[PDB]
There are 2 protein chains.
Amino acid sequence: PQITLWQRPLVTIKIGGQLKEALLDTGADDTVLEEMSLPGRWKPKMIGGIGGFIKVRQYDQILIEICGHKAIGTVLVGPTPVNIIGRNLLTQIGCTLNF
Amino acid sequence: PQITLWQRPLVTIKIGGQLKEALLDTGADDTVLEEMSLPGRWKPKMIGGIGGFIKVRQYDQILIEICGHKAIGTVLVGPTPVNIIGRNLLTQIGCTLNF
Ligand SMILES: CC1(C)S[C@H]([C@H](NC(=O)Cc2ccccc2)C(=O)NCc2ccccc2)N[C@H]1C(=O)N[C@@H](CO)Cc1ccccc1
Ligand SMILES: CC1(C)S[C@H]([C@H](NC(=O)Cc2ccccc2)C(=O)NCc2ccccc2)N[C@H]1C(=O)N[C@@H](CO)Cc1ccccc1
């Protein structure tokens, strides 16, 4: 679909048997979800936003459905205020900016 | 134009007589620039997200030019990693997400 930005670009995701809402975010290089239960092994890692810095767990090769489209990729899990779909996966479902 | 997200969506802006680059960012509600010379007066505001929170100055009805397009709106200036153009100006220049 096409999405204008008068509202926040929130979409439904399925990950790990669970339904979530998540933000499509061209400003984020990676994907980060709020604390959840993922099976499947992880490495610790850090990311930075506006007010500094967080420690997240990295899980690789995770399947995610984003608004009905599938993707597989790296997903961080951690104390983000909101779930964020970043550029690693937006490229896999074909997402562009237009103006 | 049509921007793909294999690279960060950086664009050239002109503001306050100065040329800059900025990130187009659908996951930011606001526009925030690194510290820089702006004329006028402003209010204390605070924003946050992933590392926590920051202190920014708020200047209203700033003219900005984003890849050739002019827009007027609120700009925050502050200790951000990179210049962000948020949804408040993306709507102005007719910007959509598409997949
Ligand atoms: C301030 C940023 C725009 S710039 C920095 C970015 N890091 C990342 O994108 C990693 C990342 C991944 C996921 C989340 C955050 C950060 C970077 O520096 N990228 C160049 C870079 C390239 C190579 C090496 C090193 C750095 N963080 C971004 C950020 O917090 N964006 C928020 C707004 O969209 C995100 C947000 C949205 C809603 C609520 C809260 C936060
Ligand atoms: C973590 C966020 C996705 S969630 C929070 C957001 N705040 C804002 O959008 C204000 C704002 C504006 C600009 C920047 C940061 C924050 C919010 O809570 N939005 C609902 C809301 C609305 C009104 C009131 C309360 C809550 N910040 C975002 C964020 O940092 N995104 C980064 C990734 O794109 C941004 C980024 C990109 C690259 C490098 C570094 C950072």
# chains A, B, ... in the order shown; residues from 1 in each chain; ligands from 1
>>> select_by_dssp(residues="chain B", states="helix (DSSP H, G or I)", output="compact mmCIF listing (two decimals) with N, CA, C and O atoms, in the first residue's frame")
# COMPACT_ATOMS: atom_id res chain seq x y z
N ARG B 87 8.02 13.88 10.71
CA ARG B 87 6.76 13.88 9.97
C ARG B 87 6.11 15.26 9.82
O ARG B 87 5.51 15.57 8.82
N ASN B 88 6.29 16.12 10.79
CA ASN B 88 5.77 17.48 10.60
C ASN B 88 6.16 18.24 9.34
O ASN B 88 5.40 19.03 8.84
N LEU B 89 7.36 17.97 8.81
CA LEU B 89 7.68 18.55 7.49
C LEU B 89 7.48 17.65 6.25
O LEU B 89 7.22 18.07 5.13
N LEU B 90 7.60 16.32 6.49
CA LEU B 90 7.31 15.34 5.41
C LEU B 90 5.91 15.40 4.80
O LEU B 90 5.66 15.27 3.61
>>> interface_residues(of="chain A", to="chain B", cutoff="7 Å", atoms="only C-alpha atoms", output="ChimeraX atom specification")
/A:1-6,23-27,48-54,80-81,87,91,93-99
>>> write_last_selection(atoms="C-alpha atoms", output="mmCIF file, in the first residue's frame")
data_model
loop_
_atom_site.group_PDB
_atom_site.id
_atom_site.type_symbol
_atom_site.label_atom_id
_atom_site.label_comp_id
_atom_site.auth_asym_id
_atom_site.auth_seq_id
_atom_site.Cartn_x
_atom_site.Cartn_y
_atom_site.Cartn_z
ATOM 1 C CA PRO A 1 0.000 0.000 0.000
ATOM 2 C CA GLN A 2 0.686 3.687 0.027
ATOM 3 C CA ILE A 3 1.008 5.459 3.321
ATOM 4 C CA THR A 4 0.831 9.206 4.107
ATOM 5 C CA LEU A 5 2.423 10.566 7.197
ATOM 6 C CA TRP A 6 -0.285 12.693 8.849
ATOM 7 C CA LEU A 23 6.441 1.564 13.332
ATOM 8 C CA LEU A 24 7.839 1.775 9.828
ATOM 9 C CA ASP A 25 10.920 3.807 10.371
ATOM 10 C CA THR A 26 13.201 5.039 7.565
ATOM 11 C CA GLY A 27 15.315 6.682 10.201
ATOM 12 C CA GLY A 48 22.150 4.521 19.852
ATOM 13 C CA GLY A 49 19.269 6.889 19.548
ATOM 14 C CA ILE A 50 18.478 10.320 20.709
ATOM 15 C CA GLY A 51 18.965 10.214 24.419
ATOM 16 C CA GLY A 52 21.993 7.868 24.290
ATOM 17 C CA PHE A 53 22.248 4.223 24.263
ATOM 18 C CA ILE A 54 20.726 0.873 24.775
ATOM 19 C CA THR A 80 12.750 0.705 22.989
ATOM 20 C CA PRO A 81 9.642 2.778 23.691
ATOM 21 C CA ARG A 87 15.838 -0.408 7.020
ATOM 22 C CA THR A 91 14.148 -3.112 1.891
ATOM 23 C CA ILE A 93 9.302 -5.886 1.659
ATOM 24 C CA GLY A 94 10.043 -3.354 -1.054
ATOM 25 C CA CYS A 95 9.451 -0.145 0.770
ATOM 26 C CA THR A 96 10.237 3.304 -0.673
ATOM 27 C CA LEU A 97 9.934 6.932 0.006
ATOM 28 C CA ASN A 98 8.133 9.141 -2.392
ATOM 29 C CA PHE A 99 7.687 12.814 -3.003
#
>>> atom_distance(atom1="atom CA of residue B:16", atom2="atom 16 (C, counted along the ligand's line) of ligand 1")
28.1 Å
>>> select_by_dssp(residues="stretch 18-77 of chain A", states="strand (DSSP E or B)", output="MDAnalysis selection string")
chainID A and resid 18:24 32:33 43:48 53:66 69:77
>>> residues_around(residues="residue A:43", least_positions_apart="4", cutoff="7 Å", atoms="only C-alpha atoms", output="ChimeraX atom specification")
/A:57-59
>>> closest_residue(among="A:42, A:11, A:66, A:83", to="ligand 2", atoms="only C-alpha atoms and all ligand atoms")
A:83
>>> closest_residue(among="B:30, B:15, B:65, B:45", to="ligand 2", atoms="only C-alpha atoms and all ligand atoms")
B:30
>>> closest_residue(among="B:74, B:37, B:31, B:61", to="ligand 2", atoms="only C-alpha atoms and all ligand atoms")
B:31
>>> closest_residue(among="A:19, A:32, A:64, A:56", to="ligand 2", atoms="only C-alpha atoms and all ligand atoms")
A:32
>>> closest_residue(among="B:78, B:40, B:73, B:68", to="ligand 1", atoms="only C-alpha atoms and all ligand atoms")
B:78
>>> atom_distance(atom1="atom 1 (C, counted along the ligand's line) of ligand 2", atom2="atom CA of residue B:39")
28.9 Å
>>> closest_residue(among="B:71, B:38, B:77, B:22", to="ligand 1", atoms="only C-alpha atoms and all ligand atoms")
B:22
>>> atom_distance(atom1="atom CA of residue A:62", atom2="atom 22 (C, counted along the ligand's line) of ligand 2")
28.8 Å
